[PDB]
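Colleague: Respectively, the protein sequence lines represent chains B and A.
Quick note, PDB author numbering runs 26 ahead of the 1-based positions in the first sequence.
Quick note, PDB author numbering runs 25 ahead of the 1-based positions in the second sequence.
Below: one structure in C-alpha cells.
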Amino acid sequence: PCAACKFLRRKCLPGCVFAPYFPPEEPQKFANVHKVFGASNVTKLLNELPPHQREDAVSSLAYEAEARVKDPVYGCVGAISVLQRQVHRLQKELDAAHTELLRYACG
Amino acid sequence: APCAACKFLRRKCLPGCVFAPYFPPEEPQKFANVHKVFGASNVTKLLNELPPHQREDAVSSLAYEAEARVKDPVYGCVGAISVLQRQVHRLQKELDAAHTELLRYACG
Ligand SMILES: [Zn+2]
Ligand SMILES: [Zn+2]
C-alpha cells in the first residue's frame, strides 16, 4: 500500500498511479500534496507529462506543497523573494568592489 | 461585471463573492492558471484559512506559483529556487575573491 492509497482508504492495486512516487514511508509527502494541489489535479498533471519527468515533477510538487503548509501565505514564493533580495544586495556590493579593483589596476 | 473566477466558472458573481476582491476581470489568465494548478475549491478554503489582510498577498503568491508551473510543468517555481541558489553562491564567491584581491592591493 502506497502512501496515497493508505491516506485515500482504497486498495493499492498493481499500477496504482501514485505508488511509483508516494511510498508509504513518507506519509508527509502525499498529505501535503493532496492538501495543496489535490489528488485529482496531481493525477491530471502527471498524466500530461512524459513518464521520465514524473519523478522530478512529484519532487517539485512535494517541495512546493510542504512550503505551502509551513507558510500558507507565501509558500516557496517567500524563498524566491528572500533570494532575489540577496542577489540584489550582493550585486550592489560587487559593483563597488569591481570599480575599486579597476582603479587599482590602473595604477 | 463578473470577476474572473465567476466568468471562468460560468456562474453568477454575487455580492460577497469570495474571489471578486482578488481576481479582477482584467486578469483572466491569473485565475485560469490558479484553477489549473490548485483548483477553485482549494483556493476558496485557503482564502478562508487566512485573515482578510493577507488574502491579497496569498493570491499574488498563488498566481506566481501557478504561472511558473504553466511555464515549467516539471519543476515550477522550484526551478527558480535552484537558479537563485546557484547565483547567490556564485556572487558570494565572486565577492569574497574581490575583497581578497583588494586587500592584496593594499597590503601585498
Ligand atoms: Zn497506491
Ligand atoms: Zn465572482
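Think of the CB as a built atom: it goes at the ideal place given N, C-alpha and C, for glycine as much as any other residue.
Mind checking whether the beta-carbon of residue 30 (chain A) lies closer than 7 Å to any heavy atom of ligand 2?
Modeller: Yes, Cβ of residue 30 (chain A) sits closer than 7 Å to a heavy atom of ligand 2.
Colleague: For residue 121 (chain A) versus residue 99 (chain B), is the C-beta distance shorter than 8 Å?
Modeller: It is not a contact, given that the beta carbons lie outside the stated cut-off.
Colleague: Nearest to residue 107 (chain A) by CA position, among B:119, B:97, B:89, is which residue?
Modeller: Answer by Cα proximity: B:89.
Colleague: Anything in the segment 113-127 of chain A with a Cβ closer than 8 Å to a Cβ of chain B? List those residues in chain order, please.
Modeller: Listed in sequence order: 113, 116, 117, 119, 120, 123, 124, 126, 127.
Colleague: Are residue 27 (chain A) and residue 38 (chain A) touching if we call contact CB-CB under 8 Å?
Modeller: Contact flag set, yes.
Colleague: Closest to residue 72 (chain A) by C-alpha separation, out of A:93, A:110, A:43, would be which residue?
Modeller: That would be A:43, whose Cα lies nearest to the Cα of residue 72 (chain A).
Colleague: Could you name the residues of chain B that residue 77 (chain A) contacts, counting a contact when the two beta carbons are closer than 9 Å?
Modeller: What residue 77 (chain A) touches in chain B: nothing, since even the nearest Cβ is about 12 Å away.
Colleague: To the nearest angstrom, how far is the alpha carbon of residue 77 (chain A) from that of residue 128 (chain A)?
Modeller: If I take the Cα positions, the gap works out to 52 Å.
Colleague: Just how far apart, CA to CA, sit residue 103 (chain B) and residue 118 (chain B)?
Modeller: Near 23 Å, if we compare the C-alpha coordinates of residue 118 (chain B) and residue 103 (chain B).
Colleague: Extract the residue ranges of the alpha helix (DSSP H) inside the segment 30-78 of chain A, only unbroken runs of 4 or more that lie entirely within it.
Modeller: 53-62, 65-74, all fully within the segment 30-78 of chain A.
Colleague: For the alpha helix (DSSP H) containing residue 104 (chain B), name the first residue and the last one.
Modeller: Here the alpha helix (DSSP H) through residue 104 (chain B) covers 103-131.
Colleague: Select from A:132, A:74, A:32 the residue whose C-alpha is nearest the C-alpha of residue 51 (chain A).
Modeller: The residue with the shortest Cα to Cα distance from residue 51 (chain A) is A:32.
Colleague: Please confirm whether any heavy atom of ligand 2 lies closer than 7 Å to the CB of residue 65 (chain A).
Modeller: Incorrect: residue 65 (chain A) has no Cβ contact closer than 7 Å to ligand 2.
Colleague: Enumerate in chain order the residues of its own chain whose CB-to-CB distance from residue 95 (chain A) is below 8 Å, with the five nearest sequence positions on each side excluded.
Modeller: Once the five neighbours on either side are set aside, the close Cβ partners of residue 95 (chain A) are 58, 61, 62.
Colleague: Check each residue of the segment 87-104 of chain B: if its Cβ is closer than 8 Å to any Cβ of chain A, include it; give the result in chain order.
Modeller: Listed by position along the chain: 87, 89, 90, 98, 99, 100, 101, 102, 103, 104.
Colleague: Buried or exposed: where does residue 101 (chain A) fall if 16 or more other Cβ atoms within 10 Å of its Cβ makes it buried?
Modeller: Residue 101 (chain A) is buried by the Cβ-count criterion.
Colleague: Quick check on this structure: which residue in A:34, A:54, A:132, A:46 has the alpha carbon closest to the alpha carbon of residue 92 (chain A)?
Modeller: Nearest of A:34, A:54, A:132, A:46 to residue 92 (chain A), Cα basis: A:54.
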